[PDB]
2 protein chains.
Amino acid sequence: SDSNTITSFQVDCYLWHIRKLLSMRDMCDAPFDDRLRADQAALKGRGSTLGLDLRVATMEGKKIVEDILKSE
Amino acid sequence: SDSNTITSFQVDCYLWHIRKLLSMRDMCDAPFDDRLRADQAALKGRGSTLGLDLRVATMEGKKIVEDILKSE
RNA sequence: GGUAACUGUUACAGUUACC
RNA sequence: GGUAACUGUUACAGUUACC
């Protein structure tokens with residue numbers, strides 16, 4: 001495995017989750033929803049490529065984002 | 001102006017800031033950096049289109065994202 | 001050679017915001 | 001009519017990870 005590849009995937013998963021919360025609350029525009037849809041399919045492909053569960057990678061991405069923000 | 005368009009831009013700006021932090025810590029892979037570069041140009045275009053300052057929009061996206069995560 | 005995601009460019013169709 | 005960003009499809013060239 002490549003460490004930064006996994007880290008990038010986990011963070012992309014968590015940032016997708018944040019974006020989805022915005023859409024769910026009716027706070028986003030249509031192109032934003034278009035990107036959500038396309039990125040969801042892309043993250044499924046990357047997760048299969050890396051052999052990583054998406055739910056678990058999202059939780060790991062949350063920890064990574066919180067740590068780099070705590071260090072900012 | 002359209003409220004969800006502005007909100008979408010503010011949030012995209014703040015998430016770009018988070019991604020940039022990961023890259024400045026050399027924790028990302030090359031495609032992640034390619035996306036960062038492309039999205040920085042795109043956000044400059046959207047900010048010009050909306051007449052919005054990117055630094056301010058980034059701070060406003062931070063508040064929106066924190067408010068959403070707080071109510072999750 | 002293959003799988004996956006992406007970047008630059010190209011052609012067509014479209015969505016949104018604004019003028 | 002235009003500006004901006006994007007989505008789907010297409011063509012070419014690359015980047016990365018893994019096999």
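Worth knowing before you read on, the calculation uses all heavy atoms, side chains too, and leaves out hydrogens, waters and symmetry mates. Proteins get letters first, then strands, A, B, ... in listed order; numbering begins at 1 in each.
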| request: Using atom CG of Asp2(B) as one end and atom P of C19(C) as the other, report the distance to the nearest whole Å. | output: 11 Å
| Contact letters for nucleotides 1-8 of chain C, in which S counts primed atoms plus P, OP1 and OP2 and B counts the base, heavy atoms under 4.0 Å | ---SSSSS
| remark: The side chain to side chain donor-acceptor pair (under 3.5 Å) partners of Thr7(B) (sequence neighbours excluded) come to none
| Just by distance, do the side chain of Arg25(B) and the backbone of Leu21(B) share a donor-acceptor pair under 3.5 Å? | no
| request: Take atom CG of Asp29(B) and atom P of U15(D), then tell me their distance rounded to the nearest Å. | output: 15 Å
| field | Partner set under side chain to side chain contact (heavy atoms under 4.5 Å, CB included) for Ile6(B), not counting sequence neighbours | value | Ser1(B), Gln10(B), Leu52(B)
| said: Without decimals, in angstroms, what is the distance between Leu50(A) CG and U16(D) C1'? | reply: 11 Å
| query | Would you find more than 12 non-hydrogen atoms of other residues, nucleotides or ligands less than 6.0 Å from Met59(B) atom CE? | reply | no
| Sequence neighbours excluded, which residues qualify as side chain to side chain donor-acceptor pair (under 3.5 Å) partners of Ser23(B)? | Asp33(B)
| Pairing annotation in dot-bracket form, given for RNA chain C with Watson-Crick or G-U pairs under 3.5 Å and | for cross-strand partners | |||||||||.|||||||||
| task | Report yes if the side chains of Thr5(B) and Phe32(A) come closer than 4.5 Å at any heavy-atom pair, otherwise no. | result | no
| said: Going by the rule salt bridge (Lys or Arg N to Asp or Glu O under 4.0 Å), which residues pair with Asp39(A) if we only count those two or more places apart in sequence or in a different chain? | reply: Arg19(A)
| task | Take atom CG of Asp33(A) and atom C1' of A17(C), then tell me their distance rounded to the nearest Å. | result | 14 Å
| Counterpart residues, side chain to side chain contact (heavy atoms under 4.5 Å, CB included), relative to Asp34(B) (two or more places apart) | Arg37(B)
